[PDB]
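I have placed the structure first, in the form of structure tokens, so that the comments after it can refer back to it.
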Amino acid sequence: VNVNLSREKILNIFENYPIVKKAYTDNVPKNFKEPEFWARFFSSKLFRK
Amino acid sequence: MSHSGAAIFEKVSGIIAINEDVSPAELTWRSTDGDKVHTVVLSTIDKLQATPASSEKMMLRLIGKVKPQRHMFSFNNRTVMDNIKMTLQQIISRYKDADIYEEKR
Amino acid sequence: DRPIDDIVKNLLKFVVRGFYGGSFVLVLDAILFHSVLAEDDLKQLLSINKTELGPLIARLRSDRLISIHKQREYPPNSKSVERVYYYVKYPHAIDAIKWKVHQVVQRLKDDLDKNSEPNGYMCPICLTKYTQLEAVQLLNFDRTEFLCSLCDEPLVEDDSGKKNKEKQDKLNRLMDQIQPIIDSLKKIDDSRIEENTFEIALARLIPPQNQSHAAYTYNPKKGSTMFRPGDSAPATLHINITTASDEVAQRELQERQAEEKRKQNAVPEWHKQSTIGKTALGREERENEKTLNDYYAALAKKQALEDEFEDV
Amino acid sequence: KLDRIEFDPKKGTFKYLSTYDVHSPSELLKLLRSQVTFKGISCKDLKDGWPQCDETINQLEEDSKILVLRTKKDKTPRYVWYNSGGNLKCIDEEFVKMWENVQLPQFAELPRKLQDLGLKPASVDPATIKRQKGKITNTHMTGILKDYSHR
Ligand SMILES: [Zn+2]
């Protein structure tokens with residue numbers, strides 16, 4: 247299943263949900279690239295909750 | 001669990017484990033006595049081969065992307097093999113997407 | 002491992018350590034640490050002989066704390082051999098434990114009841130016991146002594162008069178010692194345990210040796226209607264980040280799709296115009354920008409192996 | 165070059181390298197806990213490099229920290245295991261003998277007997293395990321017609 251995201255939506259997700267930004271700022275340059283991060287986020291229960 | 005189980009590697013029986021905590025995820029097979037150890041970085045795997053459910057064999061091979085490196089594992093119970101294959105499918109697919117994104121960009 | 006599995010394992014461990022000898026603990030703990038464990042592997046792990054593993058396996062099999070599984074194996078470079086595997090069938094073991102716990106308590110309770118009854122009598126010579134009722138039809142004509150029938154000799158009062166307290170003491174001790182089993186069984190009844198099979202047990206197998214001769218696999222015969230006694234038990260997500268240049272590209276693709284859809288519905292040509300007369304059918350700015358950038362820069366300064413396989 | 169010898173560069177000596185460096189009950193108790201299999205560690209190679217081990221091994225048998233397999237000629241420790249369970253001796257022999265005297269009923273009849281005494285049986289009788309046109313018209317379409325029988 248393919249889901250499309252955009253820069254405007256990425257900023258909107260961060261604004262409406264500070265936890266997502268918290269888990270984003272600390273992991274993007276350190277462990278894995280952004281494409282993997284968002285792939286994990288939607289699969290996680292966090293996106294469901 | 002879905003991250004460990006008995007496996008046979010190079011005719012040696014041992015425990016195969018899927019380490020997801022350490023990035024990139026790596027698959028580690030440890031012999032029962034610990035004399036032998038094998039580790040494969042899942043970023044290198046291109047395709048995931050698996051014997052069909054209609055055969056008595058329970059092998060599962062991880063071909064490495066480029083005489084390409086090849087790692088073949090033989091299992092004992094299919095449920096363990098399926099539970100290991102399912103978790104591997106996620107990692108290989110995700111890393112394939114990462115490579116596609118990197119090359120495209 | 003589920004939390005109930007630990008409770009069952011602890012119950013088995015307590016029963017074996019308390020109601021069986023030392024070597025029994027070794028045999029059962031080996032196949033509790035591991036799942037199904039071949040007889041040859043079991044011998045190698047404990048370093049005991051066949052003549053010593055025999056009695057241990059036999060007793061743990063009679064009490065149904067261990068189950069057996071024999072299957073034909075065909076090594077690629079050796080004569081076909083029949084291998085024996087040992088595992089634990091938890092529903093079977095728990096029933097055996099529950100029945101034995103009940104019986105032992107019941108026997109002691111009955112012995113308490115019997116020992117509280119009148120004594121009885123026995124004959125010293127023929128060693129035949131007589132009850133109080135049976136002895137009353139043998140007493141002599143003088144009504145002084147109870148005479149035996151075979152020997153015609155006076156009877157002697159039986160024992161067990163003083164044990165009235167000892168038997169109660171024994172029961173008091175047993176229920177204290179057997180307490181963990183009762184507590185574990187209570188928790189087991191609340192949950193529902195799944196019956197185990199050789200194949201199911203193989204899912205939790207910890208291989209004992211590097212190169213065990215026994216193939217720890219269950220490849221059942223094809224279309225085999227034969228049934229042995231007691232051998233049956235009851258996506259991908261892909262994401263794509265779209266940039267501004269990709270957005271306009273996507274819009275162009277959408278416009279193309281709409282154009283194709285419109286064509287699919289448009290009317291043909293011959294239906295559009297009346298075709299009577301036609302023949303019948305048949306066979349430079351960059352420099353300006355730089356001088357500006359330099360000018361503003363000056364300003365700011367101034368201001369500051410070949411097998412069948414598939415693809416998964 | 166051998167592996168059974170350890171070198172000391174501080175003073176320049178060669179010392180013996182025992183198989184299991186065990187010279188205290190604490191080290192033995194953790195080594196036995198770290199085993200990934202149930203393969204007992206022999207006292208023959210444990211006794212080597214350790215002046216007294218029977219004295220220590222026997223002390224742990226009484227405390228029920230480890231399991232010991234002893235010889236039959238004379239009581240002498242052999243391969244030992246970690247005791248993942250509880251106390252090694254917890255039942256008097258007057259009850260072990262009674263436990264040995266009880267004979268279980270025929271297996272298929274046990275759950276019924278347990279169900280008559282009011283005890284919930286965690287099993288079932290295996291007997292209840294229910295093991296579960310002609311002449312065609314157009315044939316020039318030989319390998320085209322896919323069977324869309326249902327929708
Ligand atoms: Zn007599």
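Chains as they are written, first to last, in PDB author numbering: chain A, 247 to 295; chain B, 1 to 66, 83 to 121; chain C, 2 to 235, 258 to 306, 349 to 369, 409 to 416; chain D, 165 to 296, 309 to 327.
The C-beta atom is built at its ideal place from N, Cα and C for all residues, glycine as well.
CB contact below 8 Å: residue i versus chain A
i	result
residue 2 of chain B	no
residue 265 of chain C	yes
residue 23 of chain B	yes
residue 272 of chain C	no
residue 46 of chain B	no
residue 126 of chain B	Residue 126 of chain B lies beyond the range of chain B shown here (1 to 121); nothing can be said about it.
residue 276 of chain C	no
residue 202 of chain C	no
residue 258 of chain C	yes
Member of the options whose CA lies at the smallest distance from the CA of residue i
i	options	result
residue 154 of chain C	C:127, C:92, C:263, C:62	C:127
residue 293 of chain A	A:266, A:254, A:255, A:261	A:266
residue 269 of chain D	C:100, C:105, C:165	C:100
residue 244 of chain D	D:199, D:266, D:238	D:199
residue 59 of chain C	C:84, C:25, C:97	C:25
residue 301 of chain C	C:349, C:293, C:288	C:293
residue 168 of chain D	D:182, D:175, D:177	D:182
residue 46 of chain B	B:118, B:111, B:117	B:111
residue 210 of chain C	B:3, B:4, B:9	B:9
residue 118 of chain C	C:207, C:162, C:283, C:281	C:162
residue 124 of chain C	C:361, C:135, C:15, C:116	C:135
residue 250 of chain A	C:56, C:262, C:225	C:262
residue 225 of chain C	D:166, D:215, D:295	D:295
residue 48 of chain C	C:287, C:27, C:233	C:27
residue 91 of chain C	C:144, C:173, C:190	C:190
8 Å Cβ cutoff, residue i in contact with chain D
i	result
residue 28 of chain B	no
residue 221 of chain C	no
residue 262 of chain C	no
residue 104 of chain C	yes
Distance CB(residue i)-CB(residue j) smaller than 8 Å
i	j	result
residue 94 of chain C	residue 202 of chain D	no
residue 242 of chain D	residue 252 of chain D	no
residue 18 of chain C	residue 249 of chain D	yes
residue 346 of chain C	residue 131 of chain C	A gap in chain C, from 306 straight to 349, means residue 346 of chain C has no coordinates in the model shown.
residue 10 of chain C	residue 33 of chain C	yes
residue 96 of chain C	residue 291 of chain D	no
residue 12 of chain B	residue 45 of chain C	no
residue 89 of chain C	residue 197 of chain C	yes
residue 51 of chain B	residue 413 of chain C	yes
residue 70 of chain C	residue 199 of chain C	yes
residue 98 of chain C	residue 182 of chain C	yes
residue 49 of chain B	residue 184 of chain C	no
residue 113 of chain C	residue 169 of chain C	yes
Residue i CB to nearest heavy atom of ligand 1 below 7 Å
i	result
residue 146 of chain C	no
residue 235 of chain D	no
residue 154 of chain C	yes
residue 126 of chain C	yes
residue 132 of chain C	no
residue 139 of chain C	no
residue 149 of chain C	yes
residue 240 of chain D	no
residue 292 of chain D	no
residue 52 of chain C	no
residue 129 of chain C	yes
Interface flag, residue i vs chain B, CB-CB below 8 Å
i	result
residue 269 of chain A	no
residue 413 of chain C	yes
residue 200 of chain D	yes
residue 275 of chain A	no
residue 281 of chain A	yes
residue 278 of chain A	yes
residue 218 of chain C	yes
Presumed contact (8 Å Cβ cut-off) between residue i and residue j, rounded CB distance
i	j	result
residue 217 of chain C	residue 92 of chain B	5 Å
residue 53 of chain C	residue 85 of chain C	Not really, about 16 Å apart at Cβ, beyond 8 Å.
Min CB distance residue i to chain C below 8 Å
i	result
residue 33 of chain B	yes
residue 17 of chain B	no
residue 105 of chain B	yes
residue 298 of chain D	Coordinates for residue 298 of chain D are absent; the numbering of chain D skips from 296 straight to 309.
residue 293 of chain D	yes
residue 210 of chain D	no
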